[PDB]
2 protein chains.
Amino acid sequence: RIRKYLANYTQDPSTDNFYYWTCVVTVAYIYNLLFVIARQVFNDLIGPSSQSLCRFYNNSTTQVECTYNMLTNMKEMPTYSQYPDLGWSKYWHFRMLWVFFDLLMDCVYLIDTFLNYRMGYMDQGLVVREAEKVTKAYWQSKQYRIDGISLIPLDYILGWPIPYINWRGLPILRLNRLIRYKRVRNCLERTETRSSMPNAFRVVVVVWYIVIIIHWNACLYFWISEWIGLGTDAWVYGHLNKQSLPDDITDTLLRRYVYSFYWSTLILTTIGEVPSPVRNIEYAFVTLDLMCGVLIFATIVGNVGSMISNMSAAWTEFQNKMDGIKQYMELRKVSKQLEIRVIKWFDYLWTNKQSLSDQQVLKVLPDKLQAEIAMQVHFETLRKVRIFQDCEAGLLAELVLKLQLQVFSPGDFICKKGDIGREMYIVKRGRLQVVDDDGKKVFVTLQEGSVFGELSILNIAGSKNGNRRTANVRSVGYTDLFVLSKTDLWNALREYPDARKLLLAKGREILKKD
Amino acid sequence: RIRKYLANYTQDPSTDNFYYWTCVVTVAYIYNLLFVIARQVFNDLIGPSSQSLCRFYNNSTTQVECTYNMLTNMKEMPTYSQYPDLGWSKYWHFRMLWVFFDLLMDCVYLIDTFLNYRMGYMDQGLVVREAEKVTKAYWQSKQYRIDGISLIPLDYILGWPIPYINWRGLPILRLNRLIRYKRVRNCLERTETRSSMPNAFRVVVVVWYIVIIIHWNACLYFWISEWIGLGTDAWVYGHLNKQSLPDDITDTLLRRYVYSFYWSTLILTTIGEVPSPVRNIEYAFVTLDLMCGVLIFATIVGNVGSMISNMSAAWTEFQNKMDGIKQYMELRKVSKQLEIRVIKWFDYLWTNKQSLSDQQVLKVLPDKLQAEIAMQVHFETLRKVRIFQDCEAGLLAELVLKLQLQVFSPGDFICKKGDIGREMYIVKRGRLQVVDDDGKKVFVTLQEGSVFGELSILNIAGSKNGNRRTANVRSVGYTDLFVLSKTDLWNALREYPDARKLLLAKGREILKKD
């Protein structure tokens with residue numbers, strides 16, 4: 001049953017279902033961040049627990065409950081009288097909605113605590129899936145302290161307005177759900193690997209951080225502006241501030257959050273077009289908040305500057321290389337036709353997205369993975385060279401591991417008649433031809449997969465010709481040859497005696513064949 | 001006794017007690033910075049030496065001593081009449097507190113002068129601890145000039161308000177204690193080595209510099225605003241500035257320092273929401289101060305941008321390498337299963353915090369320290385290979401100096417049956433197994449510390465097999481093998497003739513044993 005399915009369960013963290021679970025815990029953490037500091041500071045989000053009483057002149061000035069016309073053009077801020085049961089007779093649907101979402105995110109935290117309990121730790125490469133072993137790995141570690149502080153249910157006791165003991169409600173006691181930050185950091189990292197664009201996702205995560213810090217500073221500004229007193233200064237929120245409440249503007253909860261977000265956006269990006277402070281504690285808060293805004297603006301400028309300089313590094317290294325050899329050509333007074341040819345060759349080098357390098361796979365992959373990336377490209381092409389047909393595959397492994405890439409220009413010759421031939425040519429993505437001394441084509445136009453110079457690698461002393469090419473091979477287009485020198489085949493043939501005997505036999509066969 | 005303990009004392013600078021002494025001299029320097037410029041400019045810190053006399057209308061307007069109600073809503077600034085003894089009858093406890101802290105930091109400067117006297121200079125690696133030699137090293141150097149200018153006691157003569165000669169007191173003569181900056185630079189550097197995070201400590205030291213420059217500019221602004229005249233312009237401090245003294249704000253010493261700090265924070269971070277200047281000398285000061293604020297803001301932006309770009313260099317070099325070989329794979333049209341395997345291998349490369357490199361310890365350590373970091377890892381594992389048991393340790397030194405690290409993938413074979421075997425495998429943090437041609441396990445599952453291929457390194461010509469593997473070795477998890485080729489053991493065995501005889505003897509023994 002499902003009880004023994006739970007008793008014999010152990011989660012390993014590398015699947016995609018656990019990654020979607022880390023997305024769910026990231027959603028619950030973002031909820032806990034935003035709406036716990038907003039329900040602490042603003043407190044009309046869970047329904048107003050105090051009736052707003054304005055001073056209204058009709059007859060005489062009486063004290064009556066504020067309508068939306070009494071909050072426009074205020075001469076003084078409305079005073080509050082609490083309800084008997086603190087907004088519970090009329091905002092219970094709001095509070096049951098907030099209690100339902102708090103219980104949903106605490107159920108998400110409970111299921112993440114159980115997945116921390118049956119969590120497969122990686123021992124020696126493989127993951128442990130035995131239940132007692134991951135249980136003792138949990139209890140031997142100190143994950144249960146962070147799982148226990150993040151699940152104290154005391155917000156359900158002392159976080160809602162209780163009318164019987166006249167408790168005003170304290171929703172800052174749900175800040176202990178915010179120390180599950182390792183799961184959100186794991187979800188952001190494992191999304192940053194598999195993303196389509198890592199630099200743009202780093203910038204989107206940085207502006208999500210910026211919106212969260214601006215929101216927390218908005219709640220901090222309205223808490224300080226409520227603790228000092230609303231409408232007592234020209235800096236705090238209220239009627240005496242003419243930016244927060246202008247002429248025909250109602251004072252509502254949306255106006256409070258909208259002006260506090262505008263204040264923290266103008267302070268933390270160092271624009272500062274808000275009213276200047278009046279008292280001393282407002283000067284201390286605005287000075288500390290503007291120094292933090294200078295550091296936040298420098299963080300934004302540094303992250304966007306590193307995002308720009310990371311994605312335009314290959315282009316400026318290309319410009320460094322292009323300017324270096326253009327400086328080398330204009331220092332040495334070369335003809336201009338070669339300069340047209342090399343700049344059109346760099347245009348081909350950009351429009352193929354290549355860099356004349358094998359060095360990235362020569363460096364950063366281990367030699368087994370280098371062997372697999374060698375075999376899944378050139379092995380099926382290098383089985384069809386008609387001398388490597390009946391041979392051992394290990395020699396082919398050492399040969400495909402030692403292939404070299406050369407790119408040619410259109411109209412440019414590879415090797416002329418009467419040249420010291422010591423290389424074998426394997427054509428990839430090109431078209432070669434043999435030409436009868438810049439006249440017509442002789443016999444064949446070598447397409448992709450074909451081979452030229454397989455006779456001048458086996459080193460037969462004087463059968464028909466030793467090592468001369470006896471061909472004028474021309475590239476009609478941009479051709480990407482794959483060349484294998486005589487030294488590499490004779491090293492890999494020095495490691496194989498019987499294959500040396502067999503390749504000498506097949507070479508004498510194909511050389512006495514013509 | 002303690003007098004001959006002082007006569008035979010010499011301090012070497014590399015201990016931790018001298019580092020805590022440099023922290024004490026840094027504390028005394030920070031005191032001298034902040035409170036010498038604050039006691040010069042503000043001057044109510046040592047007690048007001050002049051009675052504030054407001055114009056108060058009761059009857060008639062009379063001139064009376066200002067209360068805290070007379071400094072709110074001022075129509076003109078209060079004029080000052082000095083005391084007979086200049087605040088000494090009522091602020092002597094404040095001045096004895098300031099004199100006690102000045103004598104405490106000058107005692108710290110005297111003990112640092114004596115530790116400069118008996119300071120052990122480093123001659124040839126070792127430190128000199130002979131007393132006459134460090135005494136002549138002191139007097140031959142010019143440390144005594146900087147120690148003599150930083151200890152003129154003339155602030156105790158002409159830095160306090162003397163009533164008998166009507167001296168107002170000049171606490172800017174204690175600025176000569178500020179040229180002991182080499183000790184503070186040494187303490188900041190030697191804290192920056194041993195810190196937990198060098199980039200964050202560089203940023204914390206930069207914002208300590210920012211708070212100190214903002215404080216010195218606050219004292220400069222209030223000195224210029226006091227020299228021009230308080231309350232004469234709308235730019236200077238006073239009643240005519242409506243930002244400094246608003247409606248219900250008392251003019252106190254805390255209001256002066258708080259508004260001057262707010263002014264220098266808004267100017268030196270180029271926000272500039274302070275009142276615009278009126279006269280010409282205020283325009284000259286605000287123009288120079290805003291150009292210095294542009295350079296300070298560019299310094300903050302440059303330091304935080306270099307802090308960001310230094311700590312995210314390994315990640316973007318990983319992304320350069322990953323994008324380079326992904327470009328190499330998608331240029332060459334490879335199957336997708338190998339692409340899943342290489343991206344999960346880079347996920348393992350990040351989650352082990354490795355980079356497939358020995359090159360950092362191959363480069364930056366000297367060869368003795370490379371030998372020690374070699375011997376304290378692989379020597380105890382390489383003593384247990386059962387052929388290197390009875391051998392000389394120097395050959396083992398040249399062998400552990402030539403070990404190579406290879407990482408494998410789970411399910412991927414190391415070497416199949418019928419392969420050219422020329423390497424010896426030493427397992428670290430992995431689990432290998434021999435499999436009977438992708439069937440069951442044959443005999444053993446090779447755990448950590450075990451060795452495979454120690455028979456195919458000694459090169460015995462035709463006893464049972466020359467150099468074939470005759471095993472299918474599979475990694476079940478991510479395995480970090482340590483491999484030693486035949487070329488490295490035969491180079492280190494070419495340097496040892498008798499060890500070559502002994503390893504041939506033990507190799508023939510273990511090869512005729514089976």
# chains A, B, ... in the order shown; residues from 1 in each chain; ligands from 1
$ closest_atom_pairs --of "chain A" --to "chain B" --cutoff "8 Å" --atoms "only C-alpha atoms" --output "JSON lines"
{"residue": "A:124", "atom": "CA", "partner": "B:430", "partner_atom": "CA", "distance": 5.1}
{"residue": "A:125", "atom": "CA", "partner": "B:478", "partner_atom": "CA", "distance": 4.2}
{"residue": "A:126", "atom": "CA", "partner": "B:477", "partner_atom": "CA", "distance": 4.9}
{"residue": "A:270", "atom": "CA", "partner": "B:271", "partner_atom": "CA", "distance": 6.4}
{"residue": "A:271", "atom": "CA", "partner": "B:271", "partner_atom": "CA", "distance": 6.4}
{"residue": "A:272", "atom": "CA", "partner": "B:271", "partner_atom": "CA", "distance": 6.7}
{"residue": "A:273", "atom": "CA", "partner": "B:273", "partner_atom": "CA", "distance": 7.5}
{"residue": "A:276", "atom": "CA", "partner": "B:243", "partner_atom": "CA", "distance": 7.2}
{"residue": "A:277", "atom": "CA", "partner": "B:243", "partner_atom": "CA", "distance": 7.9}
{"residue": "A:278", "atom": "CA", "partner": "B:246", "partner_atom": "CA", "distance": 6.5}
{"residue": "A:279", "atom": "CA", "partner": "B:249", "partner_atom": "CA", "distance": 6.9}
{"residue": "A:280", "atom": "CA", "partner": "B:258", "partner_atom": "CA", "distance": 6.9}
{"residue": "A:283", "atom": "CA", "partner": "B:262", "partner_atom": "CA", "distance": 6.9}
{"residue": "A:284", "atom": "CA", "partner": "B:258", "partner_atom": "CA", "distance": 7.6}
{"residue": "A:287", "atom": "CA", "partner": "B:262", "partner_atom": "CA", "distance": 6.2}
{"residue": "A:291", "atom": "CA", "partner": "B:265", "partner_atom": "CA", "distance": 7.8}
{"residue": "A:294", "atom": "CA", "partner": "B:269", "partner_atom": "CA", "distance": 7.4}
{"residue": "A:295", "atom": "CA", "partner": "B:304", "partner_atom": "CA", "distance": 7.7}
{"residue": "A:298", "atom": "CA", "partner": "B:301", "partner_atom": "CA", "distance": 4.8}
{"residue": "A:299", "atom": "CA", "partner": "B:304", "partner_atom": "CA", "distance": 6.5}
{"residue": "A:301", "atom": "CA", "partner": "B:305", "partner_atom": "CA", "distance": 7.3}
{"residue": "A:302", "atom": "CA", "partner": "B:305", "partner_atom": "CA", "distance": 4.2}
{"residue": "A:303", "atom": "CA", "partner": "B:308", "partner_atom": "CA", "distance": 6.9}
{"residue": "A:305", "atom": "CA", "partner": "B:305", "partner_atom": "CA", "distance": 7.7}
{"residue": "A:306", "atom": "CA", "partner": "B:309", "partner_atom": "CA", "distance": 6.2}
{"residue": "A:310", "atom": "CA", "partner": "B:316", "partner_atom": "CA", "distance": 7.1}
{"residue": "A:353", "atom": "CA", "partner": "B:327", "partner_atom": "CA", "distance": 7.8}
{"residue": "A:360", "atom": "CA", "partner": "B:325", "partner_atom": "CA", "distance": 6.1}
{"residue": "A:361", "atom": "CA", "partner": "B:325", "partner_atom": "CA", "distance": 6.0}
{"residue": "A:364", "atom": "CA", "partner": "B:356", "partner_atom": "CA", "distance": 7.0}
{"residue": "A:366", "atom": "CA", "partner": "B:406", "partner_atom": "CA", "distance": 6.6}
{"residue": "A:367", "atom": "CA", "partner": "B:406", "partner_atom": "CA", "distance": 7.6}
{"residue": "A:368", "atom": "CA", "partner": "B:408", "partner_atom": "CA", "distance": 7.2}
{"residue": "A:369", "atom": "CA", "partner": "B:342", "partner_atom": "CA", "distance": 7.7}
{"residue": "A:372", "atom": "CA", "partner": "B:338", "partner_atom": "CA", "distance": 7.8}
{"residue": "A:373", "atom": "CA", "partner": "B:334", "partner_atom": "CA", "distance": 7.8}
{"residue": "A:376", "atom": "CA", "partner": "B:334", "partner_atom": "CA", "distance": 6.3}
{"residue": "A:377", "atom": "CA", "partner": "B:334", "partner_atom": "CA", "distance": 6.7}
{"residue": "A:394", "atom": "CA", "partner": "B:419", "partner_atom": "CA", "distance": 7.2}
$ select_by_dssp --residues "range 100-132 of chain B" --states "alpha helix (DSSP H)" --output "list in words"
residues 100, 101, 102, 103, 104, 105, 106, 107, 108, 109, 110, 111, 112, 113, 114, 115, 116, 117, 131 and 132 of chain B
$ atom_distance --atom1 "CA of residue 506 in chain A" --atom2 "CA of residue 470 in chain A"
21.1 Å
$ residues_around --residues "residue 202 in chain B" --least-positions-apart "4" --cutoff "8 Å" --atoms "only C-alpha atoms" --output "list in words"
residues 192, 198 and 206 of chain B
$ residues_around --residues "range 128-145 of chain B" --least-positions-apart "3" --cutoff "7 Å" --atoms "only C-alpha atoms" --output "number ranges by chain"
B: 8-10, 117-123, 148-149
$ write_last_selection --atoms "N, CA, C and O atoms" --output "PDB file, in the first residue's frame"
ATOM      1  N   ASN B   8      66.317  43.724  27.139  1.00  0.00           N
ATOM      2  CA  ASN B   8      66.630  42.604  26.262  1.00  0.00           C
ATOM      3  C   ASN B   8      65.399  42.165  25.482  1.00  0.00           C
ATOM      4  O   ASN B   8      65.126  40.973  25.336  1.00  0.00           O
ATOM      5  N   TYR B   9      64.635  43.130  24.975  1.00  0.00           N
ATOM      6  CA  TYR B   9      63.426  42.860  24.211  1.00  0.00           C
ATOM      7  C   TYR B   9      63.646  43.249  22.760  1.00  0.00           C
ATOM      8  O   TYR B   9      64.277  44.270  22.479  1.00  0.00           O
ATOM      9  N   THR B  10      63.140  42.424  21.847  1.00  0.00           N
ATOM     10  CA  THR B  10      63.100  42.716  20.421  1.00  0.00           C
ATOM     11  C   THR B  10      61.895  42.018  19.814  1.00  0.00           C
ATOM     12  O   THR B  10      61.721  40.812  19.986  1.00  0.00           O
ATOM     13  N   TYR B 117      61.178  50.828  18.041  1.00  0.00           N
ATOM     14  CA  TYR B 117      62.577  50.867  18.457  1.00  0.00           C
ATOM     15  C   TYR B 117      63.174  49.467  18.523  1.00  0.00           C
ATOM     16  O   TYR B 117      64.266  49.224  18.002  1.00  0.00           O
ATOM     17  N   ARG B 118      62.479  48.537  19.163  1.00  0.00           N
ATOM     18  CA  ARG B 118      62.916  47.146  19.219  1.00  0.00           C
ATOM     19  C   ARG B 118      62.140  46.306  18.208  1.00  0.00           C
ATOM     20  O   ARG B 118      61.391  45.396  18.553  1.00  0.00           O
ATOM     21  N   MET B 119      62.344  46.613  16.932  1.00  0.00           N
ATOM     22  CA  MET B 119      61.636  45.942  15.850  1.00  0.00           C
ATOM     23  C   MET B 119      62.608  45.082  15.061  1.00  0.00           C
ATOM     24  O   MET B 119      63.575  45.600  14.492  1.00  0.00           O
ATOM     25  N   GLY B 120      62.332  43.782  15.001  1.00  0.00           N
ATOM     26  CA  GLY B 120      63.188  42.851  14.296  1.00  0.00           C
ATOM     27  C   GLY B 120      63.028  42.882  12.793  1.00  0.00           C
ATOM     28  O   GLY B 120      61.994  42.475  12.260  1.00  0.00           O
ATOM     29  N   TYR B 121      64.048  43.360  12.099  1.00  0.00           N
ATOM     30  CA  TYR B 121      64.043  43.414  10.648  1.00  0.00           C
ATOM     31  C   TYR B 121      64.549  42.104  10.065  1.00  0.00           C
ATOM     32  O   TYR B 121      65.421  41.444  10.631  1.00  0.00           O
ATOM     33  N   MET B 122      63.981  41.727   8.925  1.00  0.00           N
ATOM     34  CA  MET B 122      64.268  40.450   8.286  1.00  0.00           C
ATOM     35  C   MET B 122      65.507  40.584   7.411  1.00  0.00           C
ATOM     36  O   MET B 122      65.496  41.329   6.427  1.00  0.00           O
ATOM     37  N   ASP B 123      66.568  39.852   7.758  1.00  0.00           N
ATOM     38  CA  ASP B 123      67.872  40.055   7.112  1.00  0.00           C
ATOM     39  C   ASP B 123      68.043  39.163   5.886  1.00  0.00           C
ATOM     40  O   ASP B 123      68.106  39.652   4.755  1.00  0.00           O
ATOM     41  N   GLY B 148      58.717  60.926  15.584  1.00  0.00           N
ATOM     42  CA  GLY B 148      58.872  62.154  16.340  1.00  0.00           C
ATOM     43  C   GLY B 148      57.852  63.214  15.977  1.00  0.00           C
ATOM     44  O   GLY B 148      57.455  64.013  16.827  1.00  0.00           O
ATOM     45  N   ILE B 149      57.437  63.260  14.708  1.00  0.00           N
ATOM     46  CA  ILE B 149      56.398  64.213  14.325  1.00  0.00           C
ATOM     47  C   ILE B 149      55.041  63.762  14.860  1.00  0.00           C
ATOM     48  O   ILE B 149      54.236  64.584  15.309  1.00  0.00           O
TER      49      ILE B 149
END
$ residues_around --residues "residue 442 in chain B" --least-positions-apart "5" --cutoff "10 Å" --atoms "only C-alpha atoms" --output "list in words"
residues 433, 434, 435, 436, 437, 471 and 472 of chain B
$ write_last_selection --atoms "C-alpha atoms" --output "PDB file, in the first residue's frame"
ATOM      1  CA  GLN B 433      34.027  -3.600 -11.210  1.00  0.00           C
ATOM      2  CA  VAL B 434      35.033  -6.281 -13.698  1.00  0.00           C
ATOM      3  CA  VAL B 435      32.092  -7.479 -15.792  1.00  0.00           C
ATOM      4  CA  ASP B 436      31.836 -10.636 -17.916  1.00  0.00           C
ATOM      5  CA  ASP B 437      31.037  -8.886 -21.237  1.00  0.00           C
ATOM      6  CA  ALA B 471      39.188  -7.493 -18.410  1.00  0.00           C
ATOM      7  CA  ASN B 472      36.072  -5.364 -18.890  1.00  0.00           C
TER       8      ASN B 472
END
